[PDB]
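Computation of the quantities below employed the complete heavy-atom set of this structure, encompassing side-chain atoms and omitting hydrogens, waters and symmetry-equivalent molecules. All chains are named by letter (A, B, ...) in the order of the sequence lines, taking the proteins before the strands, and each is independently numbered beginning at 1.
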Number of protein chains: 2
Amino acid sequence: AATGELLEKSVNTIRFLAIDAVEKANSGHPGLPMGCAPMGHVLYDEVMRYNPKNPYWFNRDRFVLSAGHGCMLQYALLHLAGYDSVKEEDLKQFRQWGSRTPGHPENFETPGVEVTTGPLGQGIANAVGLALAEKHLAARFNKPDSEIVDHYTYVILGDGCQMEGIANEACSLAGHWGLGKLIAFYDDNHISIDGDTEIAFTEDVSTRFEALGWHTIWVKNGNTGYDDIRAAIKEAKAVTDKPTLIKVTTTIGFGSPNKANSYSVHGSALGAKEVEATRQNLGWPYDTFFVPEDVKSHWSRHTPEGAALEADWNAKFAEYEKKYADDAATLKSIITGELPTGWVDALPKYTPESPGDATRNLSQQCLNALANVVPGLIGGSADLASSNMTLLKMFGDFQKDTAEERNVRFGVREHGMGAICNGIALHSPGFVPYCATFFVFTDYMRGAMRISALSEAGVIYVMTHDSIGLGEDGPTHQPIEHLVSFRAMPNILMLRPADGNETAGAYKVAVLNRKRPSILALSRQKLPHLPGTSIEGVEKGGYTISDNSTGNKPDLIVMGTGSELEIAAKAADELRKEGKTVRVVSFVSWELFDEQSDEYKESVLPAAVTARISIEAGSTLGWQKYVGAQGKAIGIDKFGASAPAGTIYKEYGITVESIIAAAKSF
Amino acid sequence: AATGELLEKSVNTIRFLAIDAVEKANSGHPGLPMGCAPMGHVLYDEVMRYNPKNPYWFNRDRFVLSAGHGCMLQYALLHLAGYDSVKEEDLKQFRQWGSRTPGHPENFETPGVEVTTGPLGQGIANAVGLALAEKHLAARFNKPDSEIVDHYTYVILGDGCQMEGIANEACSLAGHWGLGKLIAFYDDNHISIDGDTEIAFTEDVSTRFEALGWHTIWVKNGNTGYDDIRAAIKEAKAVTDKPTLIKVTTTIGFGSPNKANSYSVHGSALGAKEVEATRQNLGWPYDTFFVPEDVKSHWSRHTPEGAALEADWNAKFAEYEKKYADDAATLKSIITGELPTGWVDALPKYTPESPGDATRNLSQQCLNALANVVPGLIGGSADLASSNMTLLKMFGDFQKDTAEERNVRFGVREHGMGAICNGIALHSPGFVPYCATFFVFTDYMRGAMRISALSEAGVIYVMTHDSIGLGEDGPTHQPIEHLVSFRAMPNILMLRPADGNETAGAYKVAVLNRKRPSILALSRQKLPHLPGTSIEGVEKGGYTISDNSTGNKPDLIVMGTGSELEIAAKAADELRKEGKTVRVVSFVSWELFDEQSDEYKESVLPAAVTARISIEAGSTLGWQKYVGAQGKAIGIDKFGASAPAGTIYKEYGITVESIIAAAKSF
Ligand SMILES: Cc1ncc(C[n+]2csc(CCOP(=O)(O)OP(=O)(O)O)c2C)c(N)n1
Ligand SMILES: Cc1ncc(C[n+]2csc(CCOP(=O)(O)OP(=O)(O)O)c2C)c(N)n1
Ligand SMILES: [Mg+2]
Ligand SMILES: [Mg+2]
């Protein structure tokens, strides 16, 4: 452990790397890194177990910077630790086009960064998911003579995260689950962007956390109380049954003679004059982006020590593999991301003779089928297990005493639920987390969902009661703009299966896409199994289910999704009687369709056929890209109503007669 | 005050109206009404001040049912109290097409219901807004010899609301603001939809609330402790500097011999057999929807008493208007919703000679100009006042000691902020609340924004840093799908002004729409003032700013919004050099354009002109409805990047050259 002048120099190396990176970019946040350098140093140099040359080592401790704006703190540490992702030149490319050092930490750009933060509150919620994953894995695979999974989850958060409701949702669950290895550092600096926190934040954070079930500790001198910080971490790991909140009081911009403790240092370059003044104040003769040789030498030990920690763990796993071969084989799946051979064969198959059912119920069949073949499937609903139909029948509930169970009960915390799943998904490539609620409530958790898409987290979102079909609950519960709001979001699949085969198909696609989240819009009401639907069609996004035309030139093309496909089919039969040739197209997913070749698209929507009709219980916006200019889109562009589903469909014109009336307009 | 058997009969009348209503619709929630009947009775019959024949009386106490699913509780009370909006027949039309008794309370459907609830957590946050409104109004208009504004805000919430992050955000704010007249009843019944709360909710709620700055009380017997409830309310009104949380332990479905204290009674009809058993158990001979004559008689006093309470206040207001004529005139504007004559003339006007500026700064000028002529304008930013540019320079900050101030500092709580504004908007029609954050974080508060649209709350959402133009913060901060995600939402205006004249126009529209929320997408970067822009044009949604064609037949039509209009204008100049006639159209708002006449539309986008180009730094989805099948839409359909804005615009092709390249494809 560093001490004396070496400790001071290392801590200041971190502060100045942050100051110089920001100054060069003339953009960024120097405040947090300056005040948090002391705890950052203790954490990466003395406490955390990791291998800088292998950021993927399974049993590594995890670090999460929830106050993402302070990313230079993390980049400085990754650089000093020896990670290949952050070299000297990368620091000099901070916030510049295409660099490994973007304005906010992004896991997909920088190996060593575990999750994507920046939107406040996500980080701490992700850490709860990471700690859940570790506890689950340890409870499920550890043996009396072999403790193979054992790592801590460290997270740094500021006042902004503490004010966000998502943070309180996640921390409430963490306390309830007894996540002893989750250790959070709260940067108590009394400053946010509007200035002093007394302006809008005067609650007793520590007492709130105690109420949530957390163990609490307060380090009053966060700027120079290095031993206090060490001691706090030690006591934190001693308390094994409760997550620990370590409040560390620091002064933002510490070291800056004229900008410390002010909102001015939160997010803008110090400036040439103040940088010079700060260098004199801290006694930093060294120049731009300099790492003193003795500091560099001290930090270099992490490479050989890191290699040895992993070698030690590998030996342990080899011995585990020979005693518990089966458990080892299963754990390897979660560690490598390689799904078991033939998992696809476990998916249900249906025929139009199978009894009709709501896609939400068919979803449950697929979930229980998959639970047997995919060891990493884990998840649950936000207090709606009996409506969402998300219980894995063969398992109990994940709880502090039964962490090995696979049904996770989130309570009424949608947003926290989403971020926790992002944490699970990014813990190990073999996890396949799924979470659920009513489709309309994705609005509550849209922040975490957008992060899923941007961070390439393969979370499967099971959303039921997807339309006015839910009936009586009314407009506050009926989605309308939701499908298009997600078709417009990049890198996320918006699947809306019509029946059993499409539902199984949606799940095949969802499991196969480990780098892109999937949303399944499922119905509350029973739907018939349609002839023409198939697992293979779904992978295509938009495909033909029935066609009585020839030469790829039907008189009419009718397209639909989910519960409205049936209506499109019934209308097509009707129109065929009158002698017209009609093609019925299922658009389970716009995303997958757009990804197909031009040949494929032409084969489904021939450019020559202009008479096109679409039907879907939701906004009509955007359908023009498929129905064309002379085409007609039947939908709902107003809020719903409180009444029996049947009545709403009739009153809103989501009927076979509307398709027919529209057909005779061509 | 009722007592003995009369009190028991009154309380049971409430239980049975709820039971019968749910049984007849065979849909609904009987549990909460059955368990909460006692406190509802005490609240509406003994505590609240209101005039059942005038649901709009300004100084009435406000009640909010945050646990919206239990609406039958409120319908039963409104019925008994004498409100004209809930007759016996309305109770029999519960959850049926077009009834005044929808499945969740909607203020727009039922006079007497203050806000729209159903999505959990919104109600308690709305109550915080209602209480803020009363506190602000009292501090601002009360005189030492005249206390004209004085009312309490009562709210009932359940475990579901207590778990939602939005509730913690608003209650954190309520404690910080010392809202002594906010009195919340927490229905502590240990049941949620997944069953017993021990499955996912074991935090110490009361201690969390004390940490937030709330006064706490616990009534252990909420089923029959009528005097304990009364006493608790008495103590709550005595504590004047802190909001009070009264935890009332009850048993859900109280009275039902076989379904009480179980999840089965939460949200489904009891069923014929259990209804009979419940009638026997409580000793309720009376049949379907019956109100005993003695109960009816007891409740009828509220009509003459209510009339007298309001008459009293009216006299008091008349004497107030005589002494303080000026203050009275200003207060009346907030009360009646009638805005001062000529407020429109206060808006700034600009010309292309005016210096260029970011629309976020131009927004501030408009807000400050408006503060002077619109008494009900109040609001602020979620810890981003210095970036959103929302401070009303002539005022201080709203705080427990300075409640008369008009700048509200919400801290980093977007969702709570939105719900609180809905509460203010719905307190009185003259309030014009505005709130702000970066456009990308609308995702955090989308739940409340949707409710603004559905409940017809004229909230003005000031959203800055609307695109990749914000630069270096990166993809986590850059909107992409947001504009279309709101153009798809019913009853909400999605305004994206290009310059000063358009920004002033956007505010004119926003202020005039008191029944529909408005969102303003504002830029971070400086934009020039363009020739052709005007306040009037904005009211049209889509209008021409420059045209060199004749006979309404240009060779090319180029449309754009906000920061991209400038690019479209520059490209048109180039093309006009080559001898083409080009029409430049501004689409400040899709919504406003679609509401215009067919003649008007044809005059801007002549059906005969097929060469159309649109440019907007956002998703291209939906632009097809204006650019046509042969038109081209230039936009961004992927996430952003961390880099200087200029570089991102070039790399993504949001440039004049892209417009020109596309123009030569026609
Ligand atoms: C959900 C969300 N809302 C708003 C912001 C904008 N924002 C970034 S940092 C910040 C200030 C938070 O201050 P704090 O976390 O206490 O950190 P410090 O100033 O101490 O570094 C705000 C409002 C954001 N990144 N995410
Ligand atoms: C934001 C949101 N998420 C989920 C739901 C679905 N929902 C309606 S009631 C409910 C149960 C909450 O139970 P509680 O508030 O404790 O009331 P009780 O069952 O005791 O009446 C849930 C999860 C919702 N209405 N809103
Ligand atoms: Mg801070
Ligand atoms: Mg409950």
Side-chain angles (χ1 to χ4, degrees), chain A residues 27 95-97 102-104 118-120 160 163-166 168-169 172 176 192-194 199-204 207-208 211-213 383-385 409 411-413 415 443-444 446-447 450 454 472-476 481 484-485 488-490 619 621-622 624-625 628-629 638-639 642-643 647, chain B residues 27 95-97 102-104 118-120 160 163-166 168-169 172 176 192-194 199-204 207-208 211-213 383-385 409 411-413 415 443-444 446-447 450 454 472-476 481 484-485 488-490 619 621-622 624-625 628-629 638-639 642-643 647:
Chain A
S27 181
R95 292 164 83 99
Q96 301 315 301
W97 174 272
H104 287 91
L120 297 161
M163 286 183 252
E164 291 285 2
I166 184 186
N168 189 80
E169 290 177 17
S172 172
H176 174 78
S192 68
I193 292 181
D194 270 3
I199 196 187
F201 188 48
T202 48
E203 63 176 70
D204 183 348
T207 307
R208 172 156 63 77
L212 298 184
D383 198 49
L384 261 0
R409 311 293 201 130
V412 193
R413 312 176 171 93
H415 204 178
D443 287 335
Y444 273 55
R446 195 179 173 93
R450 185 179 206 257
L454 176 65
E472 292 90 344
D473 283 334
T476 64
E481 69 277 24
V484 308
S485 85
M489 179 182 298
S619 167
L621 184 53
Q624 300 81 197
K625 70 181 285 195
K638 62 188 176 177
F639 283 119
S642 182
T647 304
Chain B
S27 178
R95 290 180 162 239
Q96 301 314 301
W97 177 267
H104 287 91
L120 299 159
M163 287 187 253
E164 287 295 350
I166 189 191
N168 191 70
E169 287 177 16
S172 177
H176 175 79
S192 75
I193 292 184
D194 266 8
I199 193 177
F201 189 48
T202 48
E203 64 177 64
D204 181 344
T207 306
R208 171 158 60 80
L212 298 182
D383 196 49
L384 253 12
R409 312 295 202 121
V412 191
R413 319 165 164 99
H415 204 176
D443 287 338
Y444 273 57
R446 192 169 178 103
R450 185 174 206 258
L454 176 68
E472 299 90 329
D473 281 334
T476 59
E481 71 276 27
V484 307
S485 81
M489 182 184 288
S619 166
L621 189 58
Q624 299 85 190
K625 66 185 290 208
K638 57 180 173 180
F639 285 117
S642 181
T647 303

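Both the backbone and the side chain of B/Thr202 come within contact range of chain A, judged by heavy atoms closer than 4.5 Å. Interface remark: B/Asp383 contributes backbone and side-chain atoms alike to the contact with chain A (heavy atom separation under 4.5 Å). Interface residue B/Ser192: backbone and side-chain heavy atoms are both found under 4.5 Å from chain A. Heavy atoms closer than 4.5 Å to chain A are found in both the backbone and the side chain of B/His176. With a 4.5 Å cut-off on non-hydrogen atoms, A/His415 touches chain B through its side chain but not through its backbone.
Comparing B/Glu164, B/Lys638, B/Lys625 by heavy-atom pairs within less than 4.5 Å of chain A, the highest count is held by B/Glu164. Among B/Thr476, B/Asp194, B/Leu384, the residue with the largest count of heavy-atom pairs under 4.5 Å with chain A is B/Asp194. Of all the listed residues (B/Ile166, B/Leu454, B/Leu621), the one sharing the greatest number of non-hydrogen pairs under 4.5 Å with chain A is B/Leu454. Interface check for chain A: of the options B/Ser642, B/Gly165, B/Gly118, the most heavy-atom pairs under 4.5 Å are formed by B/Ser642. Comparing B/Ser619, B/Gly628, B/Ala488 by heavy-atom pairs within less than 4.5 Å of chain A, the highest count is held by B/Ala488. Between chain A and the residues B/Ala643, B/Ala211, B/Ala629, the most heavy-atom pairs under 4.5 angstrom are made by B/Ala211.
A/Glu203 and B/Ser172 share a donor-acceptor pair across their side chains, judged by distance under 3.5 Å alone. No hydrogens or angles considered: a donor-acceptor pair under 3.5 Å links the side chains of A/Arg446 and A/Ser485. In summary, the side chains of B/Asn168 and B/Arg413 do not present any donor paired with an acceptor at a separation below 3.5 Å, with no hydrogens or angles considered. Side chains of A/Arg95 and A/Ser27: a donor on one and an acceptor on the other come within 3.5 Å.
Note that OG1 of B/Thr647 and CD of A/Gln96 are 7.5 Å apart. Values are rounded to the nearest 0.5 Å.
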If you apply the rule side-chain contact (heavy atoms from CB on, under 4.5 Å), what do you find for A/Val484 with B/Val484, and how did you get there?
CA-CA 8 Å; A/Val484 308; B/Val484 307; over 6 Å; no
Begin with the C-alpha distance, continue with both residues' side-chain angles, and end with the deciding distance and a verdict on side-chain contact (heavy atoms from CB on, under 4.5 Å) for A/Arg450 and B/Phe639.
CA-CA 10 Å; A/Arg450 185 179 206 257; B/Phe639 285 117; 3.8 Å; yes
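Listed by chain and number, the residues in a salt bridge (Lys or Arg N to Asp or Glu O under 4.0 Å) with B/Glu472 amount to none (sequence neighbours excluded).
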